[PDB]
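Peer 1: Input: one structure, supplied below.
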Amino acid sequence: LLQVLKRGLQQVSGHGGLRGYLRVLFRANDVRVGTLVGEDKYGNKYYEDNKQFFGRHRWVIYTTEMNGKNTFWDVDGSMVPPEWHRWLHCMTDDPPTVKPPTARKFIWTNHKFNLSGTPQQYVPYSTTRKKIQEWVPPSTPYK
Amino acid sequence: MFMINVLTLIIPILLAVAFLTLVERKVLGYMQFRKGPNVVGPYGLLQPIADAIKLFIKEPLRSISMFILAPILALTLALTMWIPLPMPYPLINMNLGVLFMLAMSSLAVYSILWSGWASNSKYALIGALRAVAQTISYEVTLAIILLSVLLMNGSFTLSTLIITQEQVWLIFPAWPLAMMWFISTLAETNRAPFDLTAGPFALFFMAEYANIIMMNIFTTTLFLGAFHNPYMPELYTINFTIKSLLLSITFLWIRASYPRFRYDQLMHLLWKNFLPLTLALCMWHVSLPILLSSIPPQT
Amino acid sequence: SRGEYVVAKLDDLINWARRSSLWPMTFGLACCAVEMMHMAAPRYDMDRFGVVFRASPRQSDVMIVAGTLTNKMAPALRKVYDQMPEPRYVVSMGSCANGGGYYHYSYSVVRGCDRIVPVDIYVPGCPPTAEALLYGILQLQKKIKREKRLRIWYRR
Amino acid sequence: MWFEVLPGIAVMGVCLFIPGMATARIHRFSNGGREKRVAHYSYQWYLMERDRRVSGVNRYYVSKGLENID
Amino acid sequence: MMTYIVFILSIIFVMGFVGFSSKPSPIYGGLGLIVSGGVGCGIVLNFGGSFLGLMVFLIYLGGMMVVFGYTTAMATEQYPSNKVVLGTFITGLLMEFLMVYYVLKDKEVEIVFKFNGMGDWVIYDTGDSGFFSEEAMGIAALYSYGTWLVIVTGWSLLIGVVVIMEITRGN
Amino acid sequence: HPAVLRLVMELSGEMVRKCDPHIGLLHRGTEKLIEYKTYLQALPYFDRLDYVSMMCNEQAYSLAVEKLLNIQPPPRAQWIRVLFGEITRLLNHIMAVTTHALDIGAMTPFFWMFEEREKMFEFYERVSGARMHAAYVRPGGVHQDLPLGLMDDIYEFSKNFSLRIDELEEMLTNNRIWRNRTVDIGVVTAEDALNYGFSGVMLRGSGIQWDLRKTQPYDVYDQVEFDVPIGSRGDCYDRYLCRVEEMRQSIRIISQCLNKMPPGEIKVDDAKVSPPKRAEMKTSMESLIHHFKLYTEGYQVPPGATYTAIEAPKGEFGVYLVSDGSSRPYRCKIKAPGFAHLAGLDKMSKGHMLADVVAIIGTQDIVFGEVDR
Amino acid sequence: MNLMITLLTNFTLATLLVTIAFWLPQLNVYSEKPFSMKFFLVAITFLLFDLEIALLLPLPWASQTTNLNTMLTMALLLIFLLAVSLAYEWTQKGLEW
Amino acid sequence: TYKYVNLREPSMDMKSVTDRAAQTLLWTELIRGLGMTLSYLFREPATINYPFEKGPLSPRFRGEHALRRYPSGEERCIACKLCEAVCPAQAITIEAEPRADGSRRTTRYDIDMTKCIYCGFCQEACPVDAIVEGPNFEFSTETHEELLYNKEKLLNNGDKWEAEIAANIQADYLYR
Ligand code: SF4
Ligand code: SF4
Ligand code: SF4
């Protein structure tokens, strides 16, 4: 029984201190840190452990204002870059720093996340020009 | 200091029932494969607190005097029914307290019927009438079994009961009587497998679960416990509290497992299985002290 | 200024208490009800968030319309909708519910559920994954976070 | 695991521990350290009334021990 | 909050009796009779009273009003006031206030009696060495002395059971 | 109150007079919409008219079009179709058990077997990509065959699931009060079983030794070892027992199907009905023409009417096609076991009480989507 | 009167809980819009068994007296009569469904 | 080949009938049920912490309805209307015009994400794999206007990630 009491102390002390323990506790839940696999732009950290079952493999820890939205709290999905989105959904067996990229020059680096309920959100319209081209009345008079 | 005693009783009933709700929800969660709830705050405490708050800010709508008078009776029972419970020094040294338990359970039946009348002529009120009938079919069993388990204790005073429980527990001289009584506690708490069944829902819900904690504390006092050592009563308080906690977890744990009866199967089972067996165990408990020459010291 | 500070902290407190748990009633006609039951699963808990399945309409916090609304269902749908407490929010789950879906060009099918109740969250998919529905419920919580109710009452 | 259900159990057990502790300390605190004299019978009440009478303090628990022998 | 606490609870007791004998709707009458039974229990426990008053409180409140409200709710409706009911309440309240007037402002009240209306601590014992109760060995008779009485009582109740099932369609 | 249906029960007190289901609260127009589409377009209507069975109805419609069209599916596709049909039968039976459990009370094995069903949804996801509405079964074989790394996962699930169904029989099934709930409710005369047109697990559970797999084997079911349980009495405890034993026989069929998987073929070798694979499409000309016209117009069908029926876990799932010689169907109807089981509710509820009526509805695998057509 | 003080405090605090449940929300926003016989047998059945419980239950206070034979005799007679009433309605198929 | 059930009689041997009587009057298998439920109590739960730990998926999941473009080139779309020809909900709306360069292109390309039943026929019917079902699952949009994707929405959507979609296609161009 003492070893279970022993291993929980290393989760507290070895995490980085009681500041970092309480931080990741009140972020959502995590006390299962101990692998420290990857990290990425927007500063997010990616932890893959093996001794847990299928599903607790890969977990993400976000940052504070990666865009300026106070995302210390209130984290969301679509705050992931795409290669880590292939990673963490358990579609593969490779951390995406093995080979991320593609050699095509159109791909963003902002990765504009979910935005419904903002002043900057999508609107539908028509991608179609003039339909029937109404008749132009001439400007000159007859008397 | 006496109103301070009252406040130290009825301020932890709110915290007790709310933390009971988080405990039963977490316990059901781990009975299944669920960590519910743990995300909302540190191990889910602010979630029941703020959820109680949200339930108080629901703004509902609507006979009005009856709708007032039912949950006020329910919650004043939930307050006024922890008075003689002898956590070592009880609040009022009643000469008889178990009959007060029976009387205020009947007042809870009043509460349920008044709510059913306030429900304004519904198939729900027919069902609530049936629930009143099943709830009233239990105070026979509880009073007769309680009579037999105090018969080995002489007086109604319940301090004599805490004297009786020093040598061995009272669970050993009456175990099947205790089993039937614990099933009757499941019965009186109106929860699983004994079901079914607007506002103020927080106050009514509070009344039901304070009734649960009362029945479990009274179960723990009636059948087992520890020794009242004076000039350190907190030892008895701790051991009593631990045993009552384990019994309440077992109570929700038995609720976690079985489908609920049919109403007519419930009546059939109640009468034709508990009621002759109660009478037979009770007449044997009557003839027992005359055949062991051990009648308790009725002072 | 200090009254503004008090109203801001109190409004944030009561909005936080509202977005705390939010137990719905599971309306659930068609196969999207099965997927609601599968987001009640052990592998995706509603109960981690205070979300409880409870068919009691008079204590319903939000309401999840999921399934295929019909002409015979719609009057009873709004009659259930009106016997609900006044802070109410609607999650339309499912391609059928949020715009008719596969049975769109048909009689006896209401074209979505805009035609009965106001809708707040649209989560599409056929069925929407429990994953996606839970992302929708988190976005509902953040909609509740941005509400400024008592601030508008104070500057009213 | 159920290591996490134990804080809820412990906090609710603290909420169950508090009223008995408060009651017992108030009895031992507002009766001069002596336990509050439980009384059920008219004999004991008569004894308690003559006890609070002969003390002179108009408090029954002062108990005026073995001094008025002379 | 004075000497006459038994008298005040008696006044509220008479108030409850007038409250359901002013002929209301019967569930309101059951409410008022629950009030009356509670305060009569208060009166008898003021006389002490430790056993018998709270005893039959179980049978009276714990066994009768529940069945009365049960039958009242299930049988008829009176589903949604009249001057005769409130007028009976007016007359009962006025006669109660007249009794309060003639008790507190005079010496004695005589309808055909001699009531000395004052502090009713009289009569009471001078603190004898009872050491059980009166009620304790009182109702702890019926078994060493009550041969005939409880036999005919239980016999009457068994006949009551068979009468009830016959009327409600024996067998 | 959730179950969703209208029921008008006129009754004498707590017993009965006459109880009638008003259904039609859910009517969508599936038959008319299939009458205005092609076959390949209107396959997902067949996927979701029953929505719990997600491959049995696929299998039924594909066998309907093959039976009308006279094209034998290739053997490896037949064995894969058999494997997914038995997985789907397993899933529908375990849902029926758990939904009767939560409809009566019995809160937790619901959650337990839903964890098992989440594992099987993971298998469906890896195979097709859908969560639940995996179309995946074209007329004329299985589209887009299963990836590498699946059969051993099925093997591990099979062992774990035999243990979990043993633990379910530990929890319930000689449970005292659930048996006391269900003893003698739902008596069914065999004449009433025939004239009222009950099919499947009702006929399995009361009397007649009648199974479509063993009377008209529509596929390679004639090569696997199993036995359908016969019901002894007209009640639902016994019918529960036959459901659980059909689950375990489905586990046996899954084990033999893993042991008998030939490495043959994916689809038919008929490039006028099944579309060609994409590489030979983008190389060859005829393949491109067949892809193009097969997806615009659809394959033509010889005219006539046919009927076929297979084992849905509710019963005789019948699909009846009327096909004018064309690229479109002309009419289709679905003989529904749920509709047939809902038909005899007066005889199943004449001599009981309303809580037991709710138990009668719950113990028959109803969805009220398939009851609609 | 100590218990009267307890009853008064609990009643008043519970009424304050009810008025917090009702008259708290100051945001006044938008105001908007046959019986059976076998129910009755159970109540009278309970009633008569409760009356015989009232006859039985002062038994343990009586346990200290000399006439033990008559006590045991009439006590067994009372429980036997109660069980005879139960067996009478049991064999005359009364409380059945 | 059948196995009919409920073939046991209650044995009139005294051992079996007294074991069933002690089972009835001692409440045994109810305690056995409690033992099974405690056996599932002390296990470890299969609950992924969702907003951090996202659930497992497949390489062939059907999500976003994105579009693609050529490597160092313009839109992979041709506007040959096969996807509107096969779309069973008829959610696809295509109006096509060629530009002045001569190659055939579009004007308007609409997906009713309301009407979309997410088959995959438009993925498995386009001859060039222009429209591709995305990997993700998050649409979750507050207004009914905003779930009606236009062509430029799909282009800014499919250009939000290429290497994801191309990685899935390179993993999955042989089974289909
Ligand atoms: S959207 Fe799809 S899964 Fe949901 S009810 Fe409609 S057909 Fe069923
Ligand atoms: S997306 Fe593909 S199928 Fe659709 S019009 Fe464009 S090229 Fe044709
Ligand atoms: S998945 Fe189906 S409904 Fe959706 S756009 Fe593609 S073909 Fe149309």
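Peer 1: How many nm separate the modelled label positions at E:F68 and C:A55, each set 7 Å beyond the Cα in the direction of the Cβ?
Peer 2: Output for this residue pair reads 3.9 nm.
Peer 1: A further question on this structure: If the chain between D:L66 and D:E49 were fully stretched, how many nm would it gain, using 0.36 nm times the residue separation less the Cα-Cα distance?
Peer 2: Stretched out fully, the D:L66 to D:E49 stretch lengthens by 4.3 nm.
Peer 1: In what order do F:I254, F:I177 fall by count of nearby beta-carbon atoms within 10 Å, going from fewest to most?
Peer 2: Listed from fewest to most nearby Cβ atoms, that is F:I177, F:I254.
Peer 1: Additional query: Would you mind checking the pairs C:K148/H:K153; A:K45/C:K142; A:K51/F:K159; C:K72/H:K81; B:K272/H:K3 and listing those with alpha carbons more than 28 angstrom apart?
Peer 2: Cα-Cα > 28 Å for C:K148/H:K153; C:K72/H:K81; B:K272/H:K3; rest within.
Peer 1: Shifting gears a bit: What per residue convex hull volume, in Å³, do the alpha-carbon atoms of chain A yield?
Peer 2: For chain A, the hull spanned by Cα atoms encloses 208 Å³ per residue.
Peer 1: Most fluctuating residue of H:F61, H:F121, H:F52 in a GNM of chain H with Cα springs under 10 Å: which is it?
Peer 2: H:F52
Peer 1: Could you go through the stretch B:39-51 in sequence order and give the Karplus-derived ³J(HN,Hα) for each residue, using 6.51 cos²θ - 1.76 cosθ + 1.60 with θ = phi - 60°, rounded to whole Hz, and x for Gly and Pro?
Peer 2: Once θ is set to phi - 60°, the couplings for the stretch B:39-51 become 6, 7, x, x, 6, x, 10, 4, 5, x, 5, 5, 6 Hz.
Peer 1: Something else now. Based on DSSP H runs of at least 4 residues, each adding -39500 (n - 2.57), what is the mean residue ellipticity at 222 nm of the protein assembly as shown after dividing by all its residues, to the nearest 500 deg cm²/dmol?
Peer 2: Value at 222 nm, helices only: -15500 deg cm²/dmol.
Peer 1: Quick one: 3J(HN,Hα) in Hz for the stretch E:115-132, Karplus 6.51/-1.76/1.60 with θ = phi - 60°, rounded, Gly and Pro as x.
Peer 2: Using θ = phi - 60°, the values come out as 9, 8, x, 8, x, 8, 6, 5, 8, 7, 6, 8, x, 6, 7, x, 6, 10 Hz.
Peer 1: Also, I was wondering about something else. Per residue of F:42-51, how many C-beta atoms from partner chains lie within 10 Å of its own C-beta, taken as a mean?
Peer 2: Other-chain Cβ atoms within 10 Å of each residue's Cβ, averaged: 3.
Peer 1: By average Cβ neighbour count within 10 Å, what is the ranking of C:38-50, C:5-17 from highest down?
Peer 2: Those peptides, ordered most packed to least, come out C:38-50, C:5-17.
Peer 1: Given a 10 angstrom Cα cut-off, can you work out which residue in H:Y70, H:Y40, H:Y149 is the most mobile in a GNM of chain H?
Peer 2: H:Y40
Peer 1: On to the next question. To make sure I understand, if each residue's beta carbon is the centre and we count other beta carbons within 10 Å, what order do D:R25, F:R117 fall in, fewest to most?
Peer 2: D:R25, F:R117
Peer 1: So how far, in whole Å, is the C-alpha centre of the stretch H:124-169 from the one of the stretch G:1-44?
Peer 2: Here the answer is 56 Å between Cα centres.
Peer 1: Still on this structure: In whole Hz and in residue order, list the ³J(HN,Hα) couplings for the stretch H:29-37 that follow from phi through the Karplus curve 6.51 cos²θ - 1.76 cosθ + 1.60, θ = phi - 60°; x for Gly and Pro.
Peer 2: Working through the residues one at a time gives 6, 5, 5, 5, x, 4, x, 5, 5 Hz.
Peer 1: Sort E:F17, F:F114 so that the residue with the fewest other Cβ atoms within 10 Å of its own Cβ comes first and the one with the most comes last.
Peer 2: With the fewest neighbours first, E:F17, F:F114 line up as E:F17, F:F114.
Peer 1: Mind checking which of H:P56, H:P135, H:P45 has the largest fluctuation in a GNM of chain H, springs on alpha carbons under 10 Å?
Peer 2: Result: H:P45 has the largest fluctuation of those listed.
Peer 1: Sticking with this structure for a sec: Under the definition of partner shielding as Cβ atoms of other protein chains within 10 Å of a residue Cβ, what is the mean value for peptide H:84-92?
Peer 2: If you average over the peptide's residues, the count of other-chain Cβ atoms is 5.
Peer 1: Now, a different point. Around H:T93, with a cut-off of 15 angstrom between Cβ atoms, what is the net charge of the other residues, counting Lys and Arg +1 and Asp and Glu -1?
Peer 2: -1
Peer 1: State whether the stretch E:2-168 is rounded, prolate or oblate according to the following rule on the C-alpha gyration tensor (a ≥ b ≥ c being the square roots of its eigenvalues): a/c under 1.5 gives rounded; otherwise a/b larger than b/c gives prolate, and the remaining case gives oblate.
Peer 2: oblate
Peer 1: Now for a different question. Mind checking A:83-90 for the average number of partner chain beta-carbons within 10 Å of each residue's beta-carbon?
Peer 2: 5
Peer 1: To the nearest Å, what is the center-to-center distance of the stretch E:121-158 and the stretch B:199-249, using C-alpha atoms only?
Peer 2: Here the answer is 35 Å between Cα centres.
Peer 1: I need to check one value: relative contact order of chain H, counting alpha carbon pairs closer than 8 Å and at least 6 residues apart, in percent.
Peer 2: Value for chain H: 23 percent.
Peer 1: Decide, for chain D, between rounded, prolate and oblate: order the square roots of the alpha carbon gyration tensor eigenvalues as a ≥ b ≥ c, take rounded if a/c falls under 1.5, and otherwise choose prolate if a/b is larger than b/c, else oblate.
Peer 2: Prolate is the answer for chain D, as a/c is 1.5 or above and a/b outweighs b/c.
Peer 1: Determine the percent antiparallel among the DSSP beta bridges restricted to the protein assembly as shown, to the nearest 5.
Peer 2: Taking every DSSP beta bridge within the protein assembly as shown, about 80 percent pair in antiparallel fashion.
Peer 1: Relative contact order of chain A, please, whole-number percent, based on alpha carbon pairs below 8 angstrom and at least 6 residues apart.
Peer 2: Relative contact order, chain A: 11 percent.
Peer 1: So what is the relative contact order of the stretch F:16-123, in percent, for Cα pairs below 8 Å that sit 6 or more residues apart?
Peer 2: 18 percent
Peer 1: Which shape class, rounded, prolate or oblate, goes with the protein assembly as shown when its Cα gyration tensor gives a ≥ b ≥ c as root eigenvalues, a/c under 1.5 marks rounded, and past that a/b bigger than b/c marks prolate?
Peer 2: prolate
Peer 1: If the rule is a partner Cβ under 4.7 Å, which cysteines in chain H fail it?
Peer 2: Those would be H:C77, H:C80, H:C87, H:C116, H:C119, H:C126, since no other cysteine Cβ in chain H comes under 4.7 Å of theirs.
Heads up, the Cβs are rebuilt from the backbone with ideal geometry, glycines too, and the neighbour counts pull from every protein chain shown. Rule-based calculations on the coordinates, nothing more; no lab input.
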